[PDB]
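Here are two versions of the same chain, shown separately as structure tokens and labelled structure 1 and structure 2.
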Structure 1
């Protein structure tokens, strides 16, 4: 689901929709939520509601609009999961980063914005959160179980604003990243903060997941919220 009428233009004229949550009280920092491989779906809507209940405004852009606008897949439906994997395999990461850039610009300019923008991304969005942190488009970025991070470690020195990452220590469908490669890579840049959840694999923060771990979800969520709080007025 998306907020009807919202249209954000990106770097090449491509336009995409977004699910927008206005804050309970204005002004407030705006959090751009980078979707997982299921599109802007029920978990994404829950994340927007959660952040609004925590004092933020939130914008979840339709990153799948370059392939199939308005895609919102049910992770519990096998055929929709297969569609999610197909869309993910065909996903253009650099274009995703450019769309998130455009969504951040949109976020900074909303009437209720306090001028501060953060980004929170999940697995598919988590990898995007790191790429966005390397570009430096947001004040603060957070990535939950970002896929393929070990491959992007050469970008560690480019991160100039804080970025926090929650890593599942166990393999599930996607393997867990190398604890060693990531810890060493991130350690060189104190603007990067990483936490490991040894009793969880990816998708641990989503209650609809077979990989949901309440204790990991809650601790990660508390770290995310403490990490985003400085953005608040």
Structure 2
């Protein structure tokens, strides 16, 4: 689901929609939410709700609009999971960073904006959060269980603004040697923080997932909120 009428334009000209949640009290810092591989779906609506309840505004851009605008897939439906994997495999990561950069610019100047912008991404969006952090587009970035971060470690020195990552100790997208690579690599730049949740795997913060772990979700979420709080007026 997207907010009707909302359109954002990327540097290359491509336009896309977004789900927007204005803040309870304005002005407020705006958080761009980078989707998981299921599009802008119920979990995105829940994340927008969560952030608005904590004093933020939120913008979740339709990152699958270069392939299939308006995709919103139910992760409990097997055929829709297959569609999500096919869309993820075809997803252009650099174009996704570009679309997030455009949503970040859009977030800086809405009527409800206080001019500060944070980014929170999950899974696919957690990998995008690290790439956006390396570009320096936002004041603060957060990634939950991004995949493939051990292949992007050369960008660690490029991060010049804070970025926080929550990783599952049982997420097998990140086996032990990849965890060690990330830990050591991210360890070189104090603007990066990575926490490991030993009893959790992928998708541990989505209540709807078979991998939900409430204690890890709660700890990571309060760390996310404490990390974004300086963006507030």
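Take the two forms, superpose them, and find the largest set of C-alpha atoms that agree within 1.5 Å; that set is the rigid core. Numbering follows the first chain given and starts at 1. Residues that one form lacks are left out of the comparison.
Considering only 27, 187, 70, 175, which residue exhibits a C-alpha shift of no less than 2 Å between the two structures, with the rigid core used for superposition?
Once the cores are aligned, the residue moving by 2 Å or more is 175.
Residue 59: CA movement between the two structures [superposed on rigid core, Å]
For residue 59, the C-alpha ends up 0.1 Å from its position in the other form.
Counting only residues modelled in both forms, where do runs of 3+ with a CA shift of at least 2 Å appear between the two structures, relative to the core?
After superposing the rigid core, the only shifted stretch between the two structures is 171-179.
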